[PDB]
Each structure stands twice: as structure tokens, then as C-alpha cells.
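Chemist:
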Amino acid sequence: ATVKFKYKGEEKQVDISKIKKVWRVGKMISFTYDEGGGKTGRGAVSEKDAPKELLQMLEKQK
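Sequential numbering from 1 applies to the sequence shown in the deposited numbering.
(1) Measure the alpha-carbon distance for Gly36 versus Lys60 and round it to whole angstroms.
(2) At 3 residues or longer, what runs of the beta strand (DSSP E) sit wholly inside the stretch 13–54?
(3) May I ask you to list the residues that DSSP assigns as paired with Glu10?
(4) Within its chain, find whatever has a CB closer than 6 Å to the CB of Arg42; leave out the 5 residues flanking it on each side and keep chain order.
(5) Relative to the C-alpha of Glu53, which candidate in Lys12, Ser17 and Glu11 has its C-alpha closest?
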């Protein structure tokens with residue numbers, strides 16, 4: 001369900017349903033998640049750092 005991503009010294013828990021657009025750029029995977037009344041926050045997660053759920057959809061399903 002939830003993705004724990006490091007910020008400075010604070011690891012932030014964000015839901016898989018709230019990730020609006022996800023894209024694999026090269027060494028990193030950048031993503032725009034929505035959070036309230038039309039105001040999108042922008043996170044990032046590395047290639048070894050991202051575990052299994054987001055990796056299976058873009059290189060198997062459709």
C-alpha cells in the first residue's frame with residue numbers, strides 16, 4: 001500500500017492511489033502526487049530504493 005520516502009531526517013508515508021503521474025527518467029523515478037484542494041506535491045525515489053508494486057505495472061501489464 002504505502003511508500004516510505006526520505007526527505008531530510010524525516011521519512012514520509014504516501015499512498016499508491018494518490019500518485020497522479022509516475023515516470024522513470026534514468027537513475028531516479030520522479031512522481032507528482034495530489035494531497036488536497038487541487039495542490040500537487042512532487043516527490044522522487046531511486047532505482048534500488050523503489051521495491052516492487054510501481055515497477056511491475058509499466059514493464060508487464062499495459
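Backbone N, C-alpha and C define an ideal beta-carbon position, used for all residues, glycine too.
Modeler: Put simply:
(1) A direct Cα-to-Cα measurement between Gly36 and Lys60 gives close to 31 Å.
(2) Taken in chain order, the whole beta strand (DSSP E) runs of length 3 or more contained in the stretch 13–54 are 19–24, 28–34 and 40–46.
(3) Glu10 pairs with nothing; no bridge assigned.
(4) Result list for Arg42: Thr32, in chain order.
(5) The option with the nearest alpha carbon to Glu53 is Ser17.
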